[PDB]
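Protein chains in written order, with the deposited numbering: chain M, 1 to 370; chain A, 3 to 468; chain F, 3 to 468.
Note that CB positions come from ideal geometry on N, CA and C, so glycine has one too.
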Ligand SMILES: OC[C@H]1O[C@H](O[C@H]2[C@H](O)[C@@H](O)[C@@H](O)O[C@@H]2CO)[C@H](O)[C@@H](O)[C@@H]1O
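Below is the structure:
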């Protein structure tokens, strides 16, 4: 079970782990329990492995889609905030962290992808995916490109796949039907085809990853990128003149991002649960704790009503909420990990031209309803 | 993954792998649930090809059983919890899809549909009928042959002495259409079949006693996309056969078990679609699109070849005989039930479709449906016009111009021969290979021979005193 | 100690001591659990040798039953809790291991393998097939003889009158390969056999109906080291026989109970290993090591002698007859199923092995497996090359060069004679003694005589009117 009489936290590398570390600091200065903040690579993958052995962090932060699986494997402790503490948070955010009716984590923030554009190359962002090719044609003549975003993570591409009808698991009478998947239907096929055509026709490259896309927009070479709130910090730092807005429509329907609820879970294997709960509910989940974190890497829309209230007014935040509203909150069922790995292969194989769209989506469909 | 959770949710002990042979008969093999792993889904399981009729020969026996995770459903009859998973038959290494695998062939045909861009999905609504008996006996040896049918509903039992008395409320010959119980003795059983069919994913629209005495019955199910429907037919038959068995009966999908009363048919309602719109609705005859008409023309042009798959038994032709209601005239109409192609008159254009009436339940789902499609497509690609609808009368009077208008094959051999010659429309898109077709024909010719070569009881009546 | 705790954990009242005789039949004797003490394991229990066929004679009757504590398993059929413990037969005082004890012989053979250093473990994956009937009657006296088989699945019953009606869905002749129920009437029973087999330590891979009408079936189990597998075969048979009995059936492992339909075989998959690596994978033919080829050469060189153990009944030769699929051609191939040695085509080199197809389930596990090994080793030690693989055809056409290539023995006597002459490879390492071999041969010659001397029903058909 290990741990000690201290706190070890694991959070993804794209989040404000230094803001989080500033919050451990006044936990410790006010308590004697020192907090250690780490951001291992693949932590979402590494957790189940080391926690399974009874070790790992005291507290784990990830989007809520991974939590149903952790809970089913028994890796998380059931938390118990009272109705007063519960009351401070938006209720749709506690729903995201419920597995078989029990709460298995504290909801922190609401994440949705947005279109980010360079106001200096493109004062007015395109309203449609369909006018992007033309747009690229024009910029390219000027040594630039219309759009670049991470193609290696299915999370970035799902909004387009889902726009005209693709879907993960059908939500039917209080639950998700694991055998009803919409990764190979006509909307999903139209969406991926459109993407592959972008590449085919040299508007985009099959290899773009997170870093390539980020450096491109931050250096002024591409006019738009698609990313979450956590990327805003580096943009600010590069001083590009950027706007954040709704994603473009495809076939007249809104792009539909999967929405993630950034969440903090307590290792079932920790000796520190009480410490952990003090920290979360009394240090981090305050206006002050959230703001130390948000000044490091922006969180998006926060689940704490009080702070959220001050947060947006911010047009970046308003846009985040609008894309979120057109999207769908992810399922947290154990099957989310099969879905993601199947959809990850499919896109890469299709973008790389190793498989046709029809072949890629069909394999994915088969793999999932495995 | 859905499968791996169904295994835990139902505490499954076994997995029953199913597939269909060329003749259309569902086959199976079972493995313990613990043999189901990640590998299983990506590479399937190996089995001997040479064992199934008309498949691999002397040298290339081994082949692959590829589980189709979308088909997972619990078996409602087996004693120990077991999950059924339909499989396709793939060539080893290449993992392509065996030329002779009827399910692969049907899938190929759905692919070719999308490819030609004519439509994106095919809709099949077959209506298989069947019989429920109490006793079925038959045999054939050098010194003779026979067949004896028996059921508590058989009109012939009006005179039979029964242990606890003859309660005598039976459907007379051709008198089974809807007398309420007790004349209809199969209400409870038809419903169990319905409930079970639905537990297995089918959607039931209705159930009723059919025309013939002695237990002809029918369970009507909702249409579905071509390949999924053929799967449903297999399940349908399975449920019918097994519920009957559990009730102390025995069911048969033979097309004509009795001379003198109704045979069992399997009408096939069809229509095409693209992006949710019904490509068969239009301003032409009875609410049809010109596409529908070309389709009909195709079916009519290749009828005799389709027969080899839709009426694959010599028995099939004992149903398709110059009778009044015999669906043997190759024509269409919205009324004339002499026409093998009826046009349902319905209000919503969303439900416009055609009904090809000559198929029987003995037909291989897959191959029958596929052949129907391919004929339809070839009717479209080549804008084969139907001609005008027949609204006059059937085969008898007419008899004016000797009434030699189009007709379905009159014997299995004739149908097989048509299939032989008229095979191009099936080879289109590489759906059917010559080898597959030739193998199928060979399997059926062997069957045709048994019947052609074995003296028939009636021949004694007719010629013993010659 | 594990045994003494199993006694308390399952509140065992009896211990059933088991062993196998020369013919291959499992034998047993029971003692109250309270008779199991420390002594029991170190010195075993005494019993009369002279009682078992082909064992000690007139003077040296007494011998030792040595419990092998690793084999402890609960009997799933007996009414009172009882623990089964397999035993070896040891010579008294010396406590060596009786020359004629088939399990001792098999152990000796595994030892000799390690000794030659050729490999450290042998892997056997036999596939015994069997039949499940309802009625079996036979007899022979001065005035005649007969055998009558009956099963609800038998095709011949298509004409039989049954009390509650003939439900008639039966597998036709050679038509048992996979029709789903109700044609296949043994799903529930095959699974009980599986569950029970596993409760007894076996690991099941699959179960299915076999080719023949009238109840041919098969339960496929995972391979294991040679001696442990022969133990598994005995348990396997026991489970099959007893589950059948409990279901109102009767099972037989006879190789050919019916003329005109499939016999039952027991293919044997084999491979060798050392420190976890498969000594049979290589760059040679079909993924084989040159060691595998020498092994094959050995098996082929000594085939006729192996026959005396792998096909120890006159009946065995009614399965091994010039037929198409008859595994009688002494050759190897990865496709040609005319070849008695198939080479499974598999991806992982970890699973590379050979399949010797001619064995039947009547074979003594122990002696059959042992003889297969010894022949293989002698093939290695003497680098006996296989020659080239046969990929042409079987016994019929060919018929070119009269096709007199290697073949398995054509009669039991011939096989016994081969074993007589070609015994050196078996005596190697002192595994088989001359006395053991001569005794075995004598037991079988007595059996061969009954069949050779008793008039056969067919002889009347052929010669009564002579
Ligand atoms: O691409 C699949 C991946 O998507 C989501 O991960 C997001 C995460 O929610 C965001 O917070 C941000 O960090 O980036 C990730 C994509 O790189 C799922 O939460 C995750 O489970 C999934 O594997």
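Residue range 228-248 is occupied by the alpha helix (DSSP H) that includes residue 228 of chain F.
Between ligand 1 and the CB of residue 258 of chain M, the shortest heavy atom gap is smaller than 8 Å. Judged by their CB atoms, residue 315 of chain M and residue 176 of chain M are not nearer to each other than the 9 Å cut-off. Counting the other Cβ atoms within 10 Å of the Cβ of residue 245 of chain A gives 16 or more, which makes it buried. Under DSSP, the beta-bridge partners assigned to residue 357 of chain A are A:271, A:344. At a C-beta separation below 9 Å, residue 368 of chain M has these neighbours in chain A: 3, 4, 71. The contact set of residue 74 of chain A on chain M, defined by CB atoms closer than 9 Å, consists of 179, 369 in chain order. With a threshold of 16 other beta carbon atoms within 10 Å, residue 277 of chain A falls short and is exposed.
For residue 335 of chain M, the chain A residues whose Cβ falls inside 8 Å of its Cβ are 3, 4, 7, in order along the chain. For the C-beta of residue 186 of chain M, the chain A residues within less than 8 Å are, from N- to C-terminus, 122, 277. With a cut-off of 8 Å, the C-beta of residue 41 of chain M is classified as distant from ligand 1, since no heavy atom of the ligand falls inside that distance.
Take residue 103 of chain M, set aside five residues on each side of it, and the residues of its chain with a beta-carbon closer than 6 Å to its own are 79, 97, in chain order.
When rounded, the separation of the alpha-carbon atoms in residue 459 of chain A and residue 145 of chain A is 11 Å. Not a single heavy atom of ligand 1 lies less than 8 Å from the C-beta of residue 234 of chain M. Remark: the shortest separation between the CB of residue 426 of chain A and any heavy atom of ligand 1 does not fall under 8 Å. Rounded to the nearest angstrom, the gap between the Cα atoms of residue 108 of chain A and residue 186 of chain M is 20 Å. DSSP links residue 111 of chain M through a beta bridge to M:260. Secondary structure in the region 144-181 of chain F: the beta strand (DSSP E) runs of 3 residues or longer, each lying completely within the stretch, are 146-152 in chain order. In the three-state reduction of the DSSP assignment, residue 182 of chain M falls in the strand class, which pools E and B. In this structure, DSSP gives residue 50 of chain A an extended state, which the three-state scheme calls strand.
When the Cα atoms are used, residue 32 of chain M and residue 289 of chain M turn out to be separated by approximately 18 Å. Per DSSP, residue 118 of chain A is not a residue of any beta strand (DSSP E); the alpha helix (DSSP H) it occupies stretches across 104-118. Judged by the Cβ position, residue 46 of chain M fails to qualify as a neighbour of ligand 1 at the 8 Å threshold, every heavy atom of the ligand being at least this far.
The nearest non-hydrogen atom of ligand 1 is 8 Å or more from the C-beta of residue 120 of chain M. Neighbours of residue 42 of chain A in chain F, taken as residues at a C-beta separation under 9 Å, are lacking, since the least C-beta distance is about 12 Å. Taking the beta carbon of residue 184 of chain F as reference, the chain A residues within 8 Å of it are 243, 244, 247, listed in sequence order. Between residue 361 of chain M and residue 109 of chain M, the CB-CB gap reaches or exceeds 9 Å. Residue 24 of chain A carries a coil assignment under DSSP once its states are collapsed to helix, strand and coil. In chain A, no part has a C-beta under 7 Å from the C-beta of residue 458 of chain F; the shortest such distance is about 22 Å.
Contact between the region 303-316 of chain F and the region 362-375 of chain F is present: 3 or more CB-CB pairs across the two stretches fall below 8 Å. Counting C-beta pairs with one atom in each stretch, the region 60-68 of chain M and the region 332-342 of chain M have three or more that are closer than 8 Å, which means they touch.
Taking 9 Å as the cut-off, the beta carbon of residue 246 of chain M is found no closer than this to the beta carbon of residue 142 of chain M. In the DSSP assignment, residue 300 of chain A falls within the unbroken alpha helix (DSSP H) covering 292-303.
Membership of residue 334 of chain A in the beta strand (DSSP E) is indicated by the continuous run 331-335.
In the DSSP annotation of this structure, residue 465 of chain F is not part of any beta strand (DSSP E); the continuous alpha helix (DSSP H) holding it starts and ends at 459-465.
Shown here, residue 91 of chain A sits in a strand according to DSSP, grouped into three states.
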